[PDB]
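Coming up is one lone chain in structure tokens, specifically the form deposited in one PDB entry.
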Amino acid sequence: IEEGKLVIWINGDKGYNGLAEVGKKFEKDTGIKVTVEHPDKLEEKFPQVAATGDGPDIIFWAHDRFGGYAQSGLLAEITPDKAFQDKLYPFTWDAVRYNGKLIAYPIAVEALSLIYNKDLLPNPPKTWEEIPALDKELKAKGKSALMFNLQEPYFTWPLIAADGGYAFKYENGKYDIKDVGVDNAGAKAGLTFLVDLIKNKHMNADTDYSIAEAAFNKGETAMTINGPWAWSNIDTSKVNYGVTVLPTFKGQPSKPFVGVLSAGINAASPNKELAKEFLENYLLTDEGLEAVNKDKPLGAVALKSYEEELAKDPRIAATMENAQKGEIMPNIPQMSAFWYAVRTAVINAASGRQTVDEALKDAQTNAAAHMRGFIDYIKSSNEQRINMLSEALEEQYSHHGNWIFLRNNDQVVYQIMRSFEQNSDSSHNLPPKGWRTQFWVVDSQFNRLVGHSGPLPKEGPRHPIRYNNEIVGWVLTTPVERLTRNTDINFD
């Protein structure tokens, strides 16, 4: 990756020409090249080149497999000062946290809002409980009251969680994976409401994105649930429609998922300062966001200066209002596993095949069992590593019978371990990102031989280095709870 230059990657489905304008200004003032590119299958190209140390200095994403970039140590910590942070709504910094640290700039924000038909319904209901009533009142005139995609938990989990459902409890910048709120009191309440509107012939269990949309754009149902992306299809259909806050349930508000478009700095880039100056001084300004939004619109933005302008549009102010009330998508590993458990729990309840109380007990058990088997895997693997690093240091030791051969360099011991696996024809398993953090190797008298220069942990994992039926040294390894993939999780 080249020094003295900025290389930016963003999906072609977004305002890439408008970004290159912000680049051209950055060029004029600083004399630094700014090159903006839109590769195909971008979600997959980036981690492949960034995990070698090539690729772009700045990377944009809306989807990354629920935190994958961060879980891979592909992003550097961003360092905006207390000042700059207030230029952006406070919750949008929550959407870019990992291990309590910030890892990207919130550029744009999205959320489900409630889209109603002004003609068939001038005063949208503010609560869920007043919808059955309303369906009857419109079932007469030949219409339905509400139609949205029931298949995906993206559209149904706001209501389930409204009265207090949650995936895992976010306590202290970490997700207690041993604390699952899917069979919750409020979770039960949430889902059981929804199955009843299908029992009571109000909604149908088979309505998907297309059926529900193709209905609403024909004035066959008064209301729908969707986000900014669907507005352009409604527009060309000439339906006088509005966009408002989502209805409440047992008092609490619907908590849809905060979606965010993030701009991160590549952890390998020798341009992290350059890149900060770009994003903070040039992109995240009313002129910067403006130039992109013009090219292909953004939705709501996190910059308060500019959001307030865009919020002229009452649709966009509704989006941002719902996103404020929404909940932040957990970015722990193996979240896909969880949402697929939830996806079937809902499809089961709604098909009558299961009572709510069993579907959710099922989802809750399927989750605990997957997440326990996760902990099992991660743990038994890190142990096979410590063993081979031990076996490898032990072989090189018996060369001359002492620690001369070993320099105090962390990446020499890496290739010592890689050579050992190659020559013993072992399955290939080498230390994952973040391993170096609390890594030392020390001998009998706990003299430091590899590792940083400060004070060592009093306690913590230490596999011993055995030569001739005597301990000759110790590998103080890095606890699993704190490798980069797992540092967003709490295991108690």
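Under this definition, the rigid core comprises the largest set of C-alpha atoms superposing within 1.5 Å between the forms. Heads up: residue numbers just count along the shown sequence, starting at 1.
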Would 212 to 220 or 379 to 387 have the larger average of its C-alpha temperature factors, as given in the entry? 212 to 220
On average, are the C-alpha B-factors higher in 404 to 412 or in 264 to 272? 404 to 412
Of the choices 259, 73, 132, 288, which one's C-alpha carries the largest B-factor in the record? 132
Choose from 80, 153, 106, 100 the residue with the greatest Cα B-factor as stated in the PDB record. 100
Where does residue 477 sit by CA temperature factor within its chain: lowest, middle or highest third? lowest
Where the record places residue 231 (Cα B-factor, split into thirds across the chain): middle
Residue 21: CA B-factor among chain residues, third -> middle
Looking at the C-alpha B-factor of residue 438, is it in the lowest, middle or highest third of its chain? middle
Looking at the temperature factor on the CA atom of residue 96, which third of the chain's modelled residues does it land in? lowest
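Keep in mind that the form deposited in another entry is not shown, yet the notes after this line are about it.
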Scan 224, 244, 262, 331 for the one whose CA shifts by 2 Å or more between the shown form and the other one after superposing the rigid core, and name it. 331
Would you tell me if residue 383 moves between the shown form and the other one by 2 Å or more at its C-alpha, with the rigid core held superposed? yes
Superpose on the rigid core, then tell me if the C-alpha of residue 395 is displaced by 2 angstroms or more between the shown form and the other one. yes
Rigid core fitted, is the C-alpha displacement of residue 88 between the shown form and the other one 2 Å or more? no
A 3 angstroms or greater change in CA distance between residue 79 and residue 479 is reported in that other deposited form. Closer or farther than in this form? farther
Output row for the residue 479-residue 103 CA distance, |change| of 3 angstroms or more in that other deposited form, reads farther
